Ligand SMILES: CC(=O)N[C@@H]1[C@@H](O)[C@H](O[C@@H]2O[C@H](CO)[C@H](O)[C@H](O[C@]3(C(=O)O)C[C@H](O)[C@@H](NC(C)=O)[C@H]([C@H](O)[C@H](O)CO)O3)[C@H]2O)[C@@H](CO)O[C@H]1O
Ligand SMILES: [Cl-]
């Protein structure tokens, strides 16, 4: 079932993932976007090194300026790849949310508040993911895993 690794963590949060993200694994993140929020990110990482900066297999980046959007990308050897921008974003300032990330064989599937939001094909073997980090202006109520 779901095994939360932490509640109301101080942001930025960087934690180690208890088990390998094998296809079928779910990542559940419940939080809230503060009214003065410009953006925030959830990064599935390979290690928690800050320098050199640890690779980010999956960069889930909601942005709030203008109409808003969600930028997804991958950071390999401290270099960002091709961005995959999703314009149909459900995130809003002053609103709560539950993010469910499904780890499939060839990609991540993300749904927010029960509604499908986006897909992102693996650019790095998901098996190299052992750390989860949450940065930016966002309040997190919980982070859990379903292996
Ligand atoms: C072409 C275009 O649309 N403009 C891009 C612009 O999107 C891009 O912004 C960066 O986008 C990546 C994802 O592709 C990340 O979202 C970057 O966010 C972070 C990061 O994690 O790297 C957030 C982090 O907090 C920032 N660190 C600091 C010091 O505050 C870093 C940092 O500012 C940048 O890495 C410096 O380059 O960004 C987000 O900045 C930019 C930069 O790649 O390039 C335009 O062309
Ligand atoms: Cl797949």
Of 73, 46, 113, the most mobile residue in a GNM of the chain (C-alpha springs, cutoff 10 Å) is 113
Most mobile listed residue (110, 56, 71) in the chain, GNM with C-alpha springs under 10 Å: 71
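Which order do the peptides 27-33, 75-81 take when ranked by the mean count of other beta-carbon atoms within 10 Å per residue, highest first?
Numbers: 27-33: 19.1, 75-81: 12.1.
The densest-packed peptide leads the list: 27-33, 75-81.
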Centroid-to-centroid separation of the range 3-68 and the range 76-147 [C-alpha atoms, Å]: 7
Stretch gain in nm, segment residue 85-residue 105, where the contour uses 0.36 nm per residue and the Cα spacing is subtracted: 5.0 nm
What shape does the chain take by its C-alpha gyration tensor, where a ≥ b ≥ c are the square roots of the eigenvalues and a/c under 1.5 counts as rounded, a/b above b/c as prolate, and the rest as oblate? rounded
The range 65-119: C-alpha gyration tensor shape, a/c 1.5 cut-off, then a/b vs b/c: oblate
What whole-number volume per residue, in cubic angstrom, does the convex hull of the C-alpha atoms of the range 23-63 give? 104
Mean separation of Cα contacts under 8 Å (at least 6 apart) over the residue count of the chain, i.e. the relative contact order in percent, is 43
Take the chain, connect every pair of alpha-carbon atoms lying under 10 Å apart with a spring to form a Gaussian network, then pick out the residue of 125, 136, 68 with the largest mean-square fluctuation. 125
Could you pull out which residues in the range 112-147 have an amide N less than 15 Å from a spot 7 Å beyond the Cα of residue 26, following the Cα-Cβ vector? 112-117, 143-147
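A short reminder: the numbers here are calculations on the coordinates, not readings from a lab. Quick reminder, even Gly has a Cβ in these numbers, built from the backbone with ideal geometry, and neighbours come from all protein chains shown.
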